[PDB]
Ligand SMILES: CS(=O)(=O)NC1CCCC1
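What follows is a single chain, given as structure tokens, in the form solved without the named molecule.
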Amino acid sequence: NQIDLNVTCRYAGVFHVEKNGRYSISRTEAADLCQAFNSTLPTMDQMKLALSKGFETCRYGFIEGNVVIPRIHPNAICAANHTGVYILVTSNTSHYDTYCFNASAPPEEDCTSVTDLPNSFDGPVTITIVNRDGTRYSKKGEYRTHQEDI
């Protein structure tokens, strides 16, 4: 019973979370996952400020109200060469990665590793936070509150 959560640098408190190395998070699980990091789904304004501080990914993820990819550099295989906060318009499917926003994080780029999952609850899952530099933090718990996400 294990969940891997790959996380990024934070940019103005915004960061990306990928579960189990695949697009696999529903919108309800995304809100619960951010809550386990004392975080919320970013607003579009919070994501735009994070982009202006240097944040970009090549993965679709939830924010409040939309599924997006923040892009700084045009790349043909990431949001079809667009820059800015690219918004997904048409898709058949419902599972993506998520973005999260922590108001207590530093105001600009924070590329230190994540070393805690502060607001997970009691549970039986081994949850492992995996940083881009490979460093890991594991704890036994749960974060999902909706049965259909388990």
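The first residue of the shown sequence is 1; numbering continues from there.
Just so it is clear, the following notes concern the form deposited with the named molecule bound, a form of the same protein that is not shown.
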Can you work out whether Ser94 and the named molecule are in contact in the deposited complex, taking contact to mean some heavy atom pair no more than 4.5 Å apart?
no
Hey, in the deposited complex, is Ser26 touching the named molecule, heavy atoms inside 4.5 Å?
no
Is the gap between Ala105 and the named molecule in the deposited complex 4.5 Å or less for some heavy atom pair?
yes
Touches the named molecule in the deposited complex: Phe37 (any heavy atom, 4.5 Å):
yes
Residues from 106-142 in contact with the named molecule (non-hydrogen atom within 4.5 Å) in the deposited complex
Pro106, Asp110, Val114
